[PDB]
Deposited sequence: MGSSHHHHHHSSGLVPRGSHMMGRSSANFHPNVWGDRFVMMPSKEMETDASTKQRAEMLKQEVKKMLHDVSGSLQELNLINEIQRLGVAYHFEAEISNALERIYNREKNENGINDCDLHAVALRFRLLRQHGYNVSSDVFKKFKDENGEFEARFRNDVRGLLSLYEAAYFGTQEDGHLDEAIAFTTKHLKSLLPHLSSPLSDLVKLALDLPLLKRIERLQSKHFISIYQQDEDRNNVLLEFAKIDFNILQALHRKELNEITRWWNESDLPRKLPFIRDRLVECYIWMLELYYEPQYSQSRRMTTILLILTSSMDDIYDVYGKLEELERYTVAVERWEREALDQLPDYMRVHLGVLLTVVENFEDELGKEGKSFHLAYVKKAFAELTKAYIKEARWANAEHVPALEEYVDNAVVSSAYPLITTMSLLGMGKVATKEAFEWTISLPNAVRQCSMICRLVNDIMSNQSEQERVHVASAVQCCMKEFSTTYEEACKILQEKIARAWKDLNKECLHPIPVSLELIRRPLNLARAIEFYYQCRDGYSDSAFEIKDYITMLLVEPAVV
């Protein structure tokens, strides 16, 4: 059947990767495996290969290579795994003063590799800032008169690099483009085609159960004003992590992201502040007895929240790890502590200071709750230390919420401001000094780049936790970039399979 064919292809690819252990073919094969959405099948072998590459790196046993593609791909592959390889290997190509050599203008492959490698630099990284402008200029110059199978890659990359691109949609696009390339591998492409079909089948199957749970719930029939966002809540928990072993982790969190959104609306689109200051204490206490005095719709919403939380506790109690949900309840404690502040600013007719507003909005984005609540379905990574680290609000969690808040704000500050809503970041920054809407938008756009550069730094080897746990903030930051660029996502990532 398909599974035996997939296993045979997996062993074939393992044998080839072993046989190319010393050449650039290893780098190309690892890159193609990662970009085809099958990188998780070869975690151990890829880790060993990258360890060997790092050991023979740093000019200790490294042969000088003039190929921009080879060194750029090596740097990008090593930086994606954690190794702190210095961004100084690009000094060789900066021969003509501080500008890159002109002989690379016509090298579209090396230019694109440098383009994708440059975005992975950190704040302290050098030689990875003017490269973006260089490659942008030359790729735009050479785009109109370029051949189709590589102009497709150029057009796919100019919109967003691999750093800011969700992995599943980019994997689909690369599988679609890789057919036209004449230097491809047939077995790797077939393996990716089979794996994509199986993972898409699993992803489509889970949505059926989630929709069944929503239908059986009391949420949709009553409380009419809630806007149904079940699909756009699964796709946000589909690009965070899509591996099959995390399937149990995608049911439990998506069920609790519709509840955390319904709550946002309950606090801003409507409701009076007197009535909202009694919801916060009810959430903090976390008992059904606190629901007696609440209004009907808040009572129903928080009762459903309590029911789903206790149901999830019952499920994690089989393996003796129910106490993890003793950390989720605390997280929901802070979120309502942030929603209840902004509403007050709505009623007091006050414009918060930018720093205070940003500090409050980092918790009112629910990216801090979504980083704690994603550990529910992790088998061995979910430990007490991991949950304590996640609750302690590390810098990695903070820098993935900056992008959310600041991008949303810029996009959705016109629909709500007409009605009674909390002042957004652009209005807060226009409050001090004197700036226009566009000049404040550019200021708020100059912060997303620094947030991305700060998020790139946290995923290195000086890490308190594992790589699987730290990968989540990066994917959370990538999902706001896909939205603010969606029936195409549903129709050709979940409905239309790959031939």
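*Asks:* Which parts of the deposited chain sequence are absent from the coordinates, listed in sequence order?
*Replies:* Missing C-alpha atoms (numbering from 1) occur across the ranges 1-50, 536-546, 561.
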